[PDB]
Amino acid sequence: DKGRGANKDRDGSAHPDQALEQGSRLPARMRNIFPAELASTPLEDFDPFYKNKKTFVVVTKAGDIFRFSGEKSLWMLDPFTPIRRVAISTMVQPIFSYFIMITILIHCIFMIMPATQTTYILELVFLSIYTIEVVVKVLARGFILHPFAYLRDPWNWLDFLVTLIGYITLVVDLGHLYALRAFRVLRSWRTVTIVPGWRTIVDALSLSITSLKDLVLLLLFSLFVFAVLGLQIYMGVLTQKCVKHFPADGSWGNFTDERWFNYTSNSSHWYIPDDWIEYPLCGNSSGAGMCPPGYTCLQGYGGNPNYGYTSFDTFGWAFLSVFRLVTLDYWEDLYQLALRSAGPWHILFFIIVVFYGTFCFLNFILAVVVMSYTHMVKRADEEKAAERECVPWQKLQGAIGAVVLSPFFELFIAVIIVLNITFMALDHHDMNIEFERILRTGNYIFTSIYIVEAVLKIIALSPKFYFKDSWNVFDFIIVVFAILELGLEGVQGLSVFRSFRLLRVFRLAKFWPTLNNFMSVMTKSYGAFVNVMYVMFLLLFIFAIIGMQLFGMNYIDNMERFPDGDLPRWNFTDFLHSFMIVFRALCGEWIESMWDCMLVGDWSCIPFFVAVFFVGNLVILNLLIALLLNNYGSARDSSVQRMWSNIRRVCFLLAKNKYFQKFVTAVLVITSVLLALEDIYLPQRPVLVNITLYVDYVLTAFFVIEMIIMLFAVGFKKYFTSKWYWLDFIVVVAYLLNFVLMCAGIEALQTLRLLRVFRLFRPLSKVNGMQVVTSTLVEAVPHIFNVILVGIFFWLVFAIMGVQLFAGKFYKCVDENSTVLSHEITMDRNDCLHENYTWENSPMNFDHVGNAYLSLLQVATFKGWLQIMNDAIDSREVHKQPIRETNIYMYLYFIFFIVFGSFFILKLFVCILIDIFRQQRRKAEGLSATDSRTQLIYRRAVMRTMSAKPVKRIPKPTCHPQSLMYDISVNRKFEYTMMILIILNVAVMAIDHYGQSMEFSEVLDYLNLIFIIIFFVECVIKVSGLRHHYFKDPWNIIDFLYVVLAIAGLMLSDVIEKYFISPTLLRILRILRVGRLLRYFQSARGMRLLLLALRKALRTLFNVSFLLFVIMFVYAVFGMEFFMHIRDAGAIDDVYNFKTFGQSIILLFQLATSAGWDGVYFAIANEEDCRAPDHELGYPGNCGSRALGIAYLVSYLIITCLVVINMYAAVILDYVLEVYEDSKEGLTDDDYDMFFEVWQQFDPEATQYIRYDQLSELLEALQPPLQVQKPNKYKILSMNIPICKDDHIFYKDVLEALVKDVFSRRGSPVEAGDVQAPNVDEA
Ligand SMILES: *[C@@H]1O[C@H](CO)[C@@H](O[C@@H]2O[C@H](CO)[C@@H](O[C@@H]3O[C@H](CO[C@@H]4O[C@H](CO)[C@@H](O)[C@H](O)[C@@H]4O)[C@@H](O)[C@H](O[C@@H]4O[C@H](CO)[C@@H](O)[C@H](O)[C@@H]4O)[C@@H]3O)[C@H](O)[C@H]2NC(C)=O)[C@H](O)[C@H]1NC(C)=O
Ligand SMILES: *[C@@H]1O[C@H](CO)[C@@H](O[C@@H]2O[C@H](CO)[C@@H](O[C@@H]3O[C@H](CO)[C@@H](O)[C@H](O)[C@@H]3O)[C@H](O)[C@H]2NC(C)=O)[C@H](O)[C@H]1NC(C)=O
Ligand SMILES: *[C@@H]1O[C@H](CO)[C@@H](O[C@@H]2O[C@H](CO)[C@@H](O[C@@H]3O[C@H](CO)[C@@H](O)[C@H](O)[C@@H]3O)[C@H](O)[C@H]2NC(C)=O)[C@H](O)[C@H]1NC(C)=O
Ligand SMILES: *[C@@H]1O[C@H](CO)[C@@H](O[C@@H]2O[C@H](CO)[C@@H](O[C@@H]3O[C@H](CO)[C@@H](O)[C@H](O)[C@@H]3O)[C@H](O)[C@H]2NC(C)=O)[C@H](O)[C@H]1NC(C)=O
Ligand SMILES: *[C@@H]1O[C@H](CO)[C@@H](O[C@@H]2O[C@H](CO)[C@@H](O[C@@H]3O[C@H](CO)[C@@H](O)[C@H](O)[C@@H]3O)[C@H](O)[C@H]2NC(C)=O)[C@H](O)[C@H]1NC(C)=O
Ligand SMILES: *[C@@H]1O[C@H](CO)[C@@H](O[C@@H]2O[C@H](CO)[C@@H](O)[C@H](O)[C@H]2NC(C)=O)[C@H](O)[C@H]1NC(C)=O
Ligand SMILES: *[C@@H]1O[C@H](CO)[C@@H](O)[C@H](O)[C@H]1NC(C)=O
């Protein structure tokens, strides 16, 4: 409406429409003394063929509506209808505009090469093309205002802006920068338009990003507290190397002052085991590493990790690496190196950082993306809604037709394939001569069947008609390329014809049900999907070519700061590297690039790989979840019976009861809590050896009675029946076997007795939340295993591909200490086996299908897929040796995998898990009848109204001038200004470097002294004022402790420490105050809007927190009795083992997010060495666990990284959707709170009334939309406001009346009666 009004005004008012370009015609507004072709209204045709065209255009417009016109608007100064006008007309019309795009696409193909041809001459061409074009557009429209409008309308912003700089670049200073080359390429962001609709998504990401601007102001604070924490805990913790002491009475030193600081400073003796290029962080808080013997562990000695840029000291680095954590990225180092350093207690920090920041604040962005995406599609549905509304031969033929119809044919068809699928499904490297010949026989047999089935159908029914069915068209395309296949391999050459065998595999979709369904919905977005796709490449391409010319000539020139290497594998030299390195950062690892970039490239790289992360991953790759979500929304007869009643009242009586029931649950806990402290060290000196064995017997004594009393009490028929009572019977089974082997026998079957842990489940669902989350898991799992059947399927395609070209390779020559030699000594399996030595494999190969399958999953979840992908590049024949650079075009094989694997399927687990979780909230709280999303809003408002009664208003004790104190405690001066002090106290901590002069130390000591005195005043003025309402007041309790500890700290003095304080918690409690601010944010109301959200979720969000704690505790104990001694090589550093119960959780929180599960897998799949465990005197158990691993990690990553950690996401995006939902319609919770705030003001003594005369003021004292501003008497008098004598009004009459107003002030129509009905019901 507003837009329309604006348009009308311009038609009026003081803009001019110069031309309207419509359907290849430029129709011509002029000049209020002067014309050209004003009329008709109506489909006339006054003049002319031009006239006719105009008429046609008009007609089209009337049909259509707005669509589509190109408006050039005008005055302004000059130009009536010769030369400028003509020019304008030319520009309006569209094939020219098609031109400039081309010269745009021509630059892209020209820029992507290298430098090569120096046509700078051809470079000079395209500028002059655009120099003309910069001229046409400013000539069309006008003059100084419209260069001011040419600034203005913003796609055009980029055509001027960039091309001045492209004009600048001819200008020559070769002085300073070559940044002129930098921003040249941005031109190609035009090319989005091309392709077709273009508009929800470009307009998605535009509405995606400028809503997130609010939210960014959150996390820029959100990071800034924790990087402080890291600064303040972790400062120069992350430099503990391990240094020797002395030759004591030896050779070096005496007086240990200027030489002990010298003998430790030299980087020649501190510990390295075997060239692990960096330096091996140590510890000496117990548990946390250490470090081998004759040593000790010092802090401040040279360097720090990856390339000097990990550590938490010096604030600005502490920002980057903490922001690493919120990304959840390669932290497998920054995990471990910290715990080698400090201790195994500091995951309690890393839970905060990862749990609180990056499990919230990466969802909060997805929250914004999906909301902004849905808001534009429903906006785009309005266009979608409006535009819609001989005899023998004959007999034979008949027979053929019959067989086509039959239950015969498709069956045997679907047989032949599930068999043919199986023939391609072997393709070994070894593949015995007889096996090879079998396989070759397989296809000539099976290819003929295809032609026959195909040759007969076409003949059985109707040629021209036969090509109506696309599947039969698809069926025909098989055997055309099948008969292609055969000739090449008669003929002799070549190669790629073979993989069109894999086009067969698709034939299966028609025979499926679930899969024709799945393939069908994407045939809904042949468009939306590929449009989303096209920008993802474009944005990335935009960053690819700016990366090359920008970082660029640094990799080749410097060349030597790298770890004694010439170039790394992920550089910025050509396009394909510089496309791959930017794509690597999109999926998201982006540090190891950005070490590698900044090490050599000085500064400017830091903005670039954060700009590829936000704009790349959190904006695009969360958008691609919103695409899948909006598309895939789919006497003894009585006496024994009296005993049978006595057993019914023994059991059914005793059974419902809490007091036994909790007695069972408590026991399962402390029995399983005993089960934690088992292993390696049980045989420690056998107090637990014995009780773990007592608890063994006396548990099974409790489980067999458990089983009687449940057996008889509830239900014979339905006890043997259902699932959670199955898991009991099977425990009781299971502990029955062990007794069975205490005498007649003997061993403990260990794993039988570990299904005791399995029953802790159903205390857990009962807990005061998980009822929601549980119901959403065990419901999920049917639809999950529907996706998975699918997700096999595409991987099944991609795998057997990679066998047909990958299989056989991955066999590099190696001397025993692992060195790929290089070349020239190597290049076949002869010259490495003819010398003597060891032509050996890489552990994640593509030899089999299951070997190729698992090794594809490492590139699925982006772990260890650098390490595959280098070897994959390098390999170039079956029995020859792989070389470092060659065969790099098939590094694009992964890109056609990683899209159709990782973003389209691995994130499709999210678009199941959100669709289920909205429904389970409906069956908690709600219904399924409303279903149109408004009635439910109304009901929730009604329930919110019914809720609150009032504050007390902590109302005064009397005096001395104690009264003063409460005149300042509640004031709006003191809370700001004392709070303002807390933000001051923060920024103190922000200044601090490592070890820093005393000069700085004296200052911070001085300033810390100041602030606590003011705080000590804050406390007692706060204390004397409210006193007990202090402690109903959460922050102040915290605000109280840090004060008290400060007096503990600084006051008496110390002596000694520990025995109270020490410096961790003192500073921790000081930082925890700064979260007082979320109270104070109420300013711009989109950001307090979303944080109300967070609390609405946190209690269900803690609940999911517990399952993750739990199925950790599950799989640690269950793995632990699997994963006793197993070497170590390569991510169980002999501190991060499955040995104890501590590290088994330290391990698995790494695996929780699935960061570093390859190198973990590589240990538990390591089969080389072993001394076979004898179960005798002796054994070194340190041996192996293949099948015991695959069925563990894959059973972990599906459970943790797929469902439950995305279940984490489904909670936040439900609630944050619900909240913007209310706000749109509606009435958030903030509003209700502010109402009672101001109600308290007017009703201090919580009488729950208010006087007649004060009502008007109360209606004035509210925030919109509840607020009825003065004058308001005539409006109030409108609402139903009953008064009790004498002239008092009750609150909820007021609440009801006021809230009923607002939905009025919102709306009209039919909701309202619904609302009324709801109210009535409530009453
Ligand atoms: C746990 O880990 C911590 C580190 O986080 C270890 O702490 C280290 O402990 C070492 C002893 O076990 C300390 O060595 C001492 O360090 C003194 C440092 O000297 C100062 O240097 C400044 C710099 O200019 C000088 O101005 C000062 O004047 C100091 O001299 C050595 O001087 C000291 O040498 C001894 O001194 C005594 C007198 O006190 C002599 O009689 C004796 O003959 C010997 O020369 C001594 O070597 C080390 O500094 C300390 N780390 C830090 C960063 O301070 C813990 O030891 C670890 N836990 C365990 C149980 O080992
Ligand atoms: C640990 O102490 C030793 C000596 O106890 C230090 O050795 C120093 O080694 C340097 C070699 O680089 C010697 O170089 C001298 O430098 C000056 C100025 O560059 C020059 O004029 C001399 O002709 C000579 O080249 C130096 O003599 C020697 N120091 C002493 C006191 O003799 C070593 O540097 C110490 N380690 C660390 C990490 O400081
Ligand atoms: C760090 O420690 C290493 C050894 O732990 C030091 O290397 C040593 O450097 C000294 C000179 O400072 C060398 O002494 C020289 O010996 C040769 C004969 O071998 C003689 O021709 C010279 O006149 C001089 O005396 C010593 O050989 C060398 N040893 C080793 C094993 O490398 C290094 O200097 C230390 N650096 C710092 C900064 O402390
Ligand atoms: C195992 O890996 C390392 C390379 O990463 C190599 O170990 C080195 O092996 C040599 C003997 O082959 C050790 O002895 C050295 O021999 C040279 C003469 O060639 C002599 O000048 C030295 O004083 C020393 O005696 C050498 O210490 C050792 N390196 C280390 C750091 O311990 C080796 O190439 C690999 N093994 C095989 C079989 O290739
Ligand atoms: C590494 O490969 C070389 C060959 O490239 C192997 O050397 C060969 O070793 C065998 C037995 O050790 C030698 O055969 C016998 O040698 C004795 C002399 O000791 C001779 O009297 C016999 O008549 C018989 O020929 C063979 O000559 C020798 N060849 C060469 C060229 O040295 C070696 O065994 C391989 N080592 C490993 C660890 O694989
Ligand atoms: C470390 O330095 C001290 C410096 O005093 C050495 O002590 C001297 O040692 C010599 C012989 O080694 C004696 O003749 C002196 O009398 C000692 N000085 C004193 C004050 O007693 C000490 O020997 C040195 N340590 C080593 C291992 O050489
Ligand atoms: C290469 O390997 C084949 C394997 O049969 C062998 O016969 C041949 O002699 C080898 N050639 C060289 C040059 O080592």
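Read-outs: derived from the displayed coordinates by stated rules, not from any lab. All Cβ positions, even for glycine, are placed from backbone atoms using ideal geometry, and neighbour counts span all protein chains on display.
Listed values, structure above:
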{"read-out": "Mean separation of Cα contacts under 8 Å (6+ apart) over length of region 1132-1269, as relative contact order %", "value": "13"}
{"read-out": "Overall form of region 502-549 per C-alpha gyration tensor (a/c, 1.5; a/b vs b/c)", "value": "prolate"}
{"read-out": "Amide H contacts under 5 Å for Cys242, placed H, 5+ residues apart", "value": "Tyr271"}
{"read-out": "Estimated inter-spin distance, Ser286 and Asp64, nm [label 7 Å along Cα→Cβ]", "value": "8.1"}
{"read-out": "Three-way shape label, region 586-702, alpha-carbon gyration tensor, a/c 1.5", "value": "oblate"}
{"read-out": "Helix-derived mean residue ellipticity, 222 nm - over the chain, DSSP H n ≥ 4, -39500 (n - 2.57), to 500", "value": "-18000 deg cm²/dmol"}
{"read-out": "Hz values of 3J(HN,Hα) by residue in region 5-21 - Karplus curve (6.51, -1.76, 1.60), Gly and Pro given as x", "value": "x, 4, 4, 4, 4, 4, 3, x, 9, 3, 10, x, 7, 6, 8, 10, 9"}
{"read-out": "Ranked by how many other beta carbons lie within 10 Å on average, peptides 1242-1250, 278-286 from highest", "value": "278-286, 1242-1250"}
{"read-out": "Three-way shape call for region 587-649 based on the alpha-carbon gyration tensor, with the a/c threshold at 1.5", "value": "prolate"}
{"read-out": "Amide H contacts of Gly588 (H built 1.01 Å from N, under 5 Å, at least 5 apart or other chain)", "value": "none"}
{"read-out": "Label-to-label distance, nm, for residues given as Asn657 and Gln867 (7 Å Cα→Cβ offset)", "value": "5.8"}
{"read-out": "Gap separating the Cα centres of region 330-399 and region 1050-1070, nearest whole Å", "value": "46"}
{"read-out": "Region 59-75 - phi-based ³J(HN,Hα) in whole Hz, Karplus 6.51/-1.76/1.60, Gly and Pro as x", "value": "4, 4, 4, 4, x, 9, 5, 5, 6, 8, 4, x, 9, 9, 10, 7, 6"}
{"read-out": "For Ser73, distant residues with modelled amide H under 5 Å away", "value": "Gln18, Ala19"}
{"read-out": "The chain: proportion of alpha-carbon pairs further apart than 50 angstrom, %", "value": "47"}
{"read-out": "In order through region 309-321: 3J(HN,Hα) via Karplus (6.51 cos²θ - 1.76 cosθ + 1.60), integer Hz, x for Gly, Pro", "value": "10, 7, 4, 7, 7, 6, 3, x, 6, 5, 6, 4, 7"}
{"read-out": "Computed label-point distance, nm, for sites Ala929 and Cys1170 using a 7 Å Cα→Cβ extension", "value": "6.3"}
{"read-out": "Mean separation of Cα contacts under 8 Å (6+ apart) over length of region 1-129, as relative contact order %", "value": "26"}
{"read-out": "Most to least packed among 1095-1106, 611-622, 882-893 [average Cβ atoms within 10 Å]", "value": "611-622, 1095-1106, 882-893"}
{"read-out": "Peptide ranges 349-359, 32-42, 194-204 listed from the most packed, as the mean C-beta count within 10 angstrom indicates", "value": "349-359, 194-204, 32-42"}
{"read-out": "Rh (Kirkwood; distinct C-alpha pairs) - region 305-404, Å", "value": "19.0"}
{"read-out": "Computed E for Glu1057/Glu1002 - FRET, C-beta separation, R0 25 angstrom, nearest 0.05", "value": "0.75"}
{"read-out": "Amide N of region 946-990 lying under 15 Å from the label point, which is placed 7 angstrom from the Cα of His1028 along Cα→Cβ", "value": "952-958"}
{"read-out": "Free-standing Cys, the chain [no other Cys Cβ under 4.7 Å]", "value": "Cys108, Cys360, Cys390, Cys587, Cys651, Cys743, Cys911, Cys959, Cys1019, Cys1201, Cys1284"}
